[PDB]
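Numbering of residues begins at 1 and proceeds along the displayed sequence. Quick note: numbers below take in every heavy atom, side chains included, and nothing from hydrogens, waters or symmetry partners.
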Amino acid sequence: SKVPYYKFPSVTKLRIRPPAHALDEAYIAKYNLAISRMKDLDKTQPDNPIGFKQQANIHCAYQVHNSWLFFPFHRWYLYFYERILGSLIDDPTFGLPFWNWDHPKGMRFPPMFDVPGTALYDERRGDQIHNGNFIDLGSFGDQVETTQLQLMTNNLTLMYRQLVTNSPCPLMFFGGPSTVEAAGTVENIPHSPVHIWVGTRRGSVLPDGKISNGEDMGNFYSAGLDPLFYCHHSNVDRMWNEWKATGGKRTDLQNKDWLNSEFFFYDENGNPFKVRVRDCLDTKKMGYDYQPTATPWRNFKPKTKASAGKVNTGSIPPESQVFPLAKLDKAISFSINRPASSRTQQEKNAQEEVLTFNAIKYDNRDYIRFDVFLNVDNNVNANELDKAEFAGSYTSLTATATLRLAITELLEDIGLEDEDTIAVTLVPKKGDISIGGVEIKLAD
Ligand SMILES: [Cu+2]
Ligand SMILES: [O]
């Protein structure tokens, strides 16, 4: 090969990635100009690596997904993508905006992307994105079944569960290192539902005609053909920064195999380079940062319980009697034993208590979603996620996958810390789902 490693150029001012909503019209104007000139290369220089289609093919070429390589790959991906945009308009400080879908003011479709006849527009998008509707951060392809207020409440609860509760340590945030999918918190939710919510409905008839397969954002191979793809991933990249902001155990993976993993990218001059994961840990050392923006989901630890008291775990079947579960056709409840109870804080400091669902199997072309609750029964209202019992959710953009949930916070809030056995309830929302086994392990 002999391709050199990337040399960081000299860094003048920091590039500032701003929120996509209510951006000034002059910013939108040159963002459209950069994209327009990127798309022109599809015609004038189809094999130029910086052109629109060739950049889209980076996602459609790159096992980088459902692994701990998810965040660093897309950071480097967007790093060169942002540099290409700035260089096409002679703007060396151009910042790639981020779709602020974790903030109530950024949860609508960003207006700048919905202007037909502009370079940022894409007709291959779904219909539920208009009419001033809020995004559904737990979308599985259907229309929202709740009020917009409950939708907002669920969105912010999902953010809290995904950025705080279920990502207390690096491996659960970034993902894991076979066909078993080991996605982290964010790559599952809200990353996957945003793709689903923006894309066309699978089975629908596309522009002209083809049966849509979810193009553009809702299908993995064509997602890069929507300019909004990069704006979404800008906020995904921002989630990495916001996750580390509170310190403690939420730091970068220190494993040498992860740090020294390499990717391949062409820079804005069309020159090939190898890049290391260890060299993208600090965005400011790559020449960019995010505009400081409030994160109100940090305050959405649920304050109420769905059900008072404790479930009688003797009236429900044990995990050993339910799994392997051939089909999660409806809500089911089961008891499960904990490795230890009455844990001290020094034990919690060492090992997280993790509820793990093993061998989630389904057809990778179907929309999949199920929710997990502790200490409820089969009649739990799964539309109300702002409850102390809501643990998390699994979704999918035959596949085999794993879901891991950090439950120490819930055990404290619900009052189950001295219990050796607890109740778990699975609520399916979409798809044909089988589950091989469920366990509570004390992890890293
Ligand atoms: Cu994505
Ligand atoms: O992605």
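- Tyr367 and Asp142 share no donor-acceptor pair across their side chains, judged by distance under 3.5 Å alone.
- At least one side-chain heavy atom of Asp114 sits under 4.5 Å from a side-chain heavy atom of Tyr121.
- Between the side chain of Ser234 and the backbone N or O of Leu96 there is at least one donor-acceptor pair closer than 3.5 Å.
- Under the 30°/60° scheme for interplanar angles, the aromatic rings of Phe80 and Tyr6 are found to stand perpendicular.
- A distance-only check finds a donor-acceptor pair linking the side chain of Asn188 to the backbone of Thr395 [under 3.5 Å].
- The two residues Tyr362 and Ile368 make their nearest non-hydrogen contact at CD1-CG1, 3.6 Å.
- A donor-acceptor contact closer than 3.5 angstrom is absent between the side chains of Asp418 and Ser341.
- The CD1 atom of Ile433 sits 5.5 Å away from atom CG of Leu328, with the distance rounded to the nearest 0.5 Å.
- A tilted orientation is assigned to the rings of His233 and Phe70, their planes being inclined by 30° to 60°.
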**OP:** Would you check, one step at a time, whether the test side-chain contact (heavy atoms from CB on, under 4.5 Å) holds for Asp371 with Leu385?
**Re:** CA-CA 9 Å; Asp371 296 335; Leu385 306 183; 4.1 Å; yes
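- Counting all heavy atoms, side chain and backbone alike, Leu23 lies closest to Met112 at CD1-SD, 4.0 Å.
- With rounding to the nearest 0.5 angstrom, the CZ atom of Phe109 is 9.5 Å from the CD1 atom of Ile135.
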**OP:** Begin from the C-alpha positions of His74 and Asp237 and carry the test side-chain contact (heavy atoms from CB on, under 4.5 Å) through to its verdict.
**Re:** CA-CA 7 Å; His74 292 90; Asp237 191 77; over 6 Å; no
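- In this structure, a donor-acceptor pair under 3.5 Å is present between the side chains of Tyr221 and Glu215.
- Stacking of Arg17 on the aromatic ring of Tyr288 is recorded, both the 6.0 Å distance cut-off and the 45° axial limit being met.
- With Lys348 as the fixed residue, the salt bridge (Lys or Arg N to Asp or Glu O under 4.0 Å) test singles out one of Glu353, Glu409, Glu412: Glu412.
- With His232 as the fixed residue, the ring-ring contact (aromatic ring centres under 6.0 Å, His included) test singles out one of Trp197, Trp101, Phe113: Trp101.
- Side chains of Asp386 and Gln150: a donor-acceptor N/O pair is present below 3.5 angstrom, by distance only.
- A donor-acceptor pair under 3.5 Å is absent between the side-chain atoms of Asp136 and the main chain of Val144, judged by distance alone.
- A donor-acceptor pair under 3.5 Å links the side-chain atoms of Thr153 to the main chain of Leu149, judged by distance alone.
- Inter-residue side-chain proximity for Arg343 and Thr408 is flagged as met; some heavy-atom pair is nearer than 4.5 Å.
- Residues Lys305 and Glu389 meet the side-chain proximity criterion, which asks for heavy atoms closer than 4.5 Å.
- Counting only N and O atoms by type, the side chains of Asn100 and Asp102 include a donor and acceptor under 3.5 Å apart.
- With hydrogens and angles ignored, the 3.5 Å screen pairs no side-chain donor or acceptor of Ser192 with any backbone N or O of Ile189.
- For the pair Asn375 (side chain) and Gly309 (backbone), a donor-acceptor distance under 3.5 Å is present.
- For the atom pair CG (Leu405) and OH (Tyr394), the distance works out to 12.5 Å, reported to the nearest 0.5 Å.
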**OP:** Let me see the working for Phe264 and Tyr62 under ring-ring contact (aromatic ring centres under 6.0 Å, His included), right down to the final yes or no.
**Re:** CA-CA 10 Å; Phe264 170 83; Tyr62 269 104; 8.0 Å; no
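- Tested against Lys285 for a side-chain contact (heavy atoms from CB on, under 4.5 Å), the candidates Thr283, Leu281, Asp282 yield a single pass: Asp282.
- Surrounding NZ of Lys274 are more than 12 heavy atoms belonging to other residues, nucleotides or ligands, all under 6.0 Å away.
- For the pair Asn358/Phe323, no side-chain contact is recorded, criterion being any heavy-atom separation below 4.5 Å from C-beta on.
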Subject >> side-chain contact (heavy atoms from CB on, under 4.5 Å) evaluation trace for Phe300 with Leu158 >> reply: CA-CA 9 Å; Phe300 262 71; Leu158 284 169; over 6 Å; no
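- Side-chain contact between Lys430 and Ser396 is absent, with no heavy-atom pair separated by less than 4.5 Å.
- Between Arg124 and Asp226, the closest side-chain pair of non-hydrogen atoms is not below 4.5 Å.
- The side-chain heavy atoms of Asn337 and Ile440, taken from C-beta on, include no pair separated by under 4.5 Å.
- Atom-to-atom distance recorded for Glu419:CD and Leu374:CG is 12.5 Å, nearest 0.5 angstrom.
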**OP:** Any chance you could lay out the side-chain contact (heavy atoms from CB on, under 4.5 Å) test for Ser167 and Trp243, step after step, and finish with the verdict?
**Re:** CA-CA 8 Å; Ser167 50; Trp243 178 78; 3.4 Å; yes
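- Put simply, the side chain of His195 gets close to the backbone of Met217: a donor and an acceptor are under 3.5 Å apart.
- Minimum interatomic distance between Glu352 and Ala406 (heavy atoms only, all atoms of both residues): OE1-CB, 4.2 Å.
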Original post:
Going through the checks in order, is the salt bridge (charged side-chain N to carboxylate O under 4.0 Å, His left out) test met by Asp329 and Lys327?
Top reply: CA-CA 5 Å; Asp329 65 311; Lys327 192 179 188 301; 5.9 Å; no
Original post:
Can you check ring-ring contact (aromatic ring centres under 6.0 Å, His included) on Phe173 and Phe71, steps first, answer last?
Top reply: CA-CA 9 Å; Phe173 178 74; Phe71 274 106; 4.7 Å; yes
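- Remark: side-chain polar atoms of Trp76 are paired, donor with acceptor, to backbone N or O of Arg276 under 3.5 angstrom.
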**OP:** For side-chain hydrogen bond (donor to acceptor under 3.5 Å, both in side chains), just list the numbers for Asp252 and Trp240, CA-CA rounded to whole Å, side-chain angles, deciding distance to a tenth of an Å, and then say yes or no.
**Re:** CA-CA 9 Å; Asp252 296 322; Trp240 184 358; 2.9 Å; yes
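- From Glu187, atom CD reaches atom CG of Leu69 across 10.0 Å, with rounding to the nearest 0.5 Å.
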Subject >> Verdict with supporting geometry, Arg75 and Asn241, side-chain hydrogen bond (donor to acceptor under 3.5 Å, both in side chains) >> reply: CA-CA 11 Å; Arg75 176 164 283 187; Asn241 275 22; 2.9 Å; yes
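- Between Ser333 and the choices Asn378, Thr313, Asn379, the side chain to side chain donor-acceptor pair (under 3.5 Å) rule is met once, by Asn378.
- In this structure, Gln162 contributes its side chain and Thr185 its backbone to a donor-acceptor pair below 3.5 Å.
- Aromatic ring orientation, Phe220 versus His59: tilted (interplanar angle from 30° to 60°).
- Contact of the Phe265 side chain with the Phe73 side chain is registered, since non-hydrogen atoms from C-beta on lie closer than 4.5 Å.
- Ring geometry for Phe373 against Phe390 counts as tilted: the plane angle lies between 30° and 60°, on a 0 to 90° scale.
- Between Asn312 atom CG and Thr421 atom OG1 the span is 11.0 Å, to the nearest 0.5 Å.
- In this model, no donor atom of one side chain and acceptor atom of the other lie less than 3.5 Å apart for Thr251 and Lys244.
- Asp216 places no side-chain N or O within donor-acceptor distance of the main-chain N or O of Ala223, the cut-off being under 3.5 Å.
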